[PDB]
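Here's the structure, in structure tokens; my notes come after.
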Amino acid sequence: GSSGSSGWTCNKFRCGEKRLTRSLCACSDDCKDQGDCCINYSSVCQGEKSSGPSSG
């Protein structure tokens with residue numbers, strides 16, 4: 001099927017990934033060093049997860 005539409009966003013799971021072929025941004029740690037972290041990389045990845053059931 002088609003490759004897909006523009007995705008300038010990252011997903012909780014995506015965070016800390018090591019597999020990307022068709023993605024405008026990168027949801028991996030490397031992005032931090034390199035400089036290709038999605039616009040909302042920290043918002044999704046660097047969210048609020050600590051001693052909590054769900055980061056609702």
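Note on naming: chains are A, B, ... as they come in the structure tokens, residues start from 1 per chain, ligands start from 1 in the order shown.
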Where in chain A does DSSP assign alpha helix (DSSP H), given as an NGL selection string?
:A and (29-34 or 41-44)
Selection export as a compact mmCIF listing (two decimals), in the first residue's frame, atoms kept: N, CA, C and O atoms:
# COMPACT_ATOMS: atom_id res chain seq x y z
N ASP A 29 16.77 7.72 20.81
CA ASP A 29 17.70 8.50 21.61
C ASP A 29 18.69 9.25 20.72
O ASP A 29 18.95 10.43 20.93
N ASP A 30 19.24 8.55 19.73
CA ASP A 30 20.20 9.15 18.81
C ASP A 30 19.75 10.54 18.39
O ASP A 30 20.53 11.49 18.40
N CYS A 31 18.47 10.66 18.03
CA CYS A 31 17.92 11.94 17.60
C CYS A 31 18.38 13.07 18.52
O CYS A 31 18.66 14.18 18.07
N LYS A 32 18.46 12.77 19.82
CA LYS A 32 18.89 13.76 20.80
C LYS A 32 20.29 14.26 20.49
O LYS A 32 20.53 15.47 20.43
N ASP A 33 21.22 13.33 20.31
CA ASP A 33 22.60 13.68 20.00
C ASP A 33 22.72 14.28 18.60
O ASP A 33 23.28 15.36 18.43
N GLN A 34 22.18 13.57 17.61
CA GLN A 34 22.23 14.03 16.23
C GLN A 34 21.49 15.36 16.08
O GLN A 34 22.09 16.37 15.72
N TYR A 41 8.71 15.26 20.72
CA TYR A 41 9.46 14.10 21.18
C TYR A 41 9.55 14.08 22.70
O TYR A 41 9.33 13.04 23.33
N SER A 42 9.87 15.23 23.29
CA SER A 42 9.98 15.34 24.74
C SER A 42 8.61 15.29 25.40
O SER A 42 8.44 14.71 26.47
N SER A 43 7.63 15.91 24.75
CA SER A 43 6.27 15.94 25.28
C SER A 43 5.71 14.53 25.43
O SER A 43 5.02 14.23 26.40
N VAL A 44 6.01 13.68 24.46
CA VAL A 44 5.54 12.30 24.49
C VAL A 44 6.51 11.40 25.24
O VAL A 44 6.12 10.67 26.15
Please report the interatomic distance between atom CA of residue A:16 and atom CA of residue A:45 in Å with one decimal.
8.4 Å
At what distance in Å, to one decimal, does atom CA of residue A:8 lie from atom CA of residue A:22?
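Value for the atom CA of residue A:22-atom CA of residue A:8 distance: 11.6 Å.
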Closest to residue A:27 among A:53, A:39, A:14, A:47, using only C-alpha atoms?
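Under the stated criterion, the closest residue is A:14.
Atom pair atom CA of residue A:51 / atom CA of residue A:9 has a distance of 25.8 Å (rounded to one decimal).
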Can you tell me which residues surround residue A:3 at a distance of at most 12 Å, considering only C-alpha atoms, apart from same-chain residues fewer than 3 positions away, and format the answer as a VMD selection string?
chain A and resid 6 to 7 21 to 24
Go ahead and write the residues just picked, N, CA and C atoms, as a tab-separated table (two decimals), in the first residue's frame.
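Just written: part-v6.tsv:
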chain	number	residue	atom	x	y	z
A	6	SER	N	2.25	12.62	6.17
A	6	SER	CA	3.25	13.27	7.01
A	6	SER	C	2.99	12.97	8.49
A	7	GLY	N	4.04	12.56	9.19
A	7	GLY	CA	3.92	12.25	10.60
A	7	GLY	C	4.98	12.93	11.44
A	21	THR	N	12.38	3.57	8.72
A	21	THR	CA	12.57	3.54	7.28
A	21	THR	C	11.78	4.64	6.59
A	22	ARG	N	10.54	4.84	7.04
A	22	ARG	CA	9.68	5.86	6.47
A	22	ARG	C	9.09	6.75	7.56
A	23	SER	N	9.89	7.71	8.02
A	23	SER	CA	9.45	8.63	9.07
A	23	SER	C	10.19	9.96	8.97
A	24	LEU	N	9.43	11.05	8.91
A	24	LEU	CA	10.02	12.38	8.81
A	24	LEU	C	10.96	12.65	9.99
Residues within 6 Å of residue A:26, only C-alpha atoms, excluding chain neighbours under 2 positions, as a PyMOL selection string
chain A and resi 28+31+36-37
